Every structure is written in C-alpha cells, then in structure tokens.
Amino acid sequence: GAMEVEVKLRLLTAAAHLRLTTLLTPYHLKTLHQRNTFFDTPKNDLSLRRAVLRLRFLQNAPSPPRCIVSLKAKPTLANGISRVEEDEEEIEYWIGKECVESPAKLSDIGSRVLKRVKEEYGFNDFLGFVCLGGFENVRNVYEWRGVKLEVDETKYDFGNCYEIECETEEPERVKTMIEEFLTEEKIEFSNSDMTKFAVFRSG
C-alpha cells in the first residue's frame, strides 16, 4: 500500500472538541459519518502480525454511502506522529454490509486488498474470519493554513474520544503549527498514544 503519515493529537474533553470545531468553522470543508468495522480470525492472526483489516462505511452529513476496505500494516505511533502502510479499495456498499453480517462472505468479494490479505497472511479464504465489531466516528474536515485537518469524534461503547489528525509529509512542522494554535487558544490536548482500533480493543 501507500505510507500514511499523520499527526495525531488527542483533545482531552468534549469542551475542547466543541471549542476547536467552533474556531475552525470558516475553514470547514465537509463532515463525514464513518462506521468502522474490523475483521480477524478468532485467534487474532492479523492483530498478532501487526495488521488491521477495516471495512469503513462512509456517508456525508447525490450522497451514496460508500464502503472502503483498508489493510493497515506495521503501524508505529510515537511523539504524536503515526506512520503505517495503508492499502485501500472501494467495494460495493451492499456487499460490505453483507460481510458485517456474514464475514465468510469476504471470500465472495473479488477485492484486490482482500487478495493481498490472503497472500501475505496466508489464508485461502475468510471462512474462519469473524467481525470484531466496530465504532462510529464523526470526522469534520477543514482546509486550514495549507493542511487538511480531520477533527474526529469517536463514539465507543464506553464513551467518546476526540482527536485531531493531519496527514502530511511534514509531520514535525505541521504538528508544531497545530500545537501553537491549540496552545494560543487554550484548547486542552496531548499527543495520541493509541490508535482508534487499540482504544476500541482495550474496552
């Protein structure tokens, strides 16, 4: 896949998130509703091999909903900067939906990314796969000071988390730019030190 490098900062409270979104209002591009679902074997074969297989269902807040399969491999997250190999592919929404219900049907899709999962992790089909479940995320996208800010409200069972992400080839310079702004505006933040998937799996 391609290498995804992104700044990842946690907004520490719902208030911090609300204040930031209000401050960024004039820079708003779009709002996305995401439902993230995850698949693995019951033995956690992908997870133990540092891989995450996501089906993301996406909808704008014509706006057909969309399903994107993502394989993320060999992630690192340190100092508020994430780097991971990401391979993505759009598939038919109805097909994605059926796979959440019946994960063995991943075997019936004909997807490039799924073929890569088979080849690299050594499966001949997805008959032994299960859905780990998922979580919703509301992503506000802003075009601010030359970057694309993605401000996330992630809704888990146990409660909500809030983050700012920014995909960039200059994460140190962009992270400093964002941090200066948050500090000036007295927004409560820290580096994120867990992926959304890891938070989800920790309960």
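Start at 1 with the first residue shown and count on from there. Note that the rigid core is defined as the largest set of C-alphas that superpose within 1.5 Å between two forms.
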In 4 other deposited structures of this protein, with the rigid core superposed, the stretch whose C-alphas stray more from the shown form, 72 to 80 or 101 to 109, is 101 to 109
Count class of deposited residues lacking coordinates, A61 to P62:
4 to 9
Quick one: higher average CA temperature factor, 100 to 108 or 81 to 89?
100 to 108
Higher-scoring stretch by recorded Cα B factor average, 26 to 34 or 154 to 162
154 to 162
Could you say which of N140, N44, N137, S70 has its CA atom at the highest B factor, as listed in the PDB entry?
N44
Hey, what third does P65 fall into on Cα B-factor, ranked over its chain?
highest
Going by the entry, which third of its chain does the Cα temperature factor of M177 land in?
middle
Taking the C-alpha B-factors as the PDB entry records them, is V147 in the lowest, middle or highest third of its chain?
middle
Record-listed C-alpha B factor of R19: chain third
middle
For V199, return the chain-relative third of its C-alpha B-factor as stated in the PDB record: lowest, middle or highest.
middle
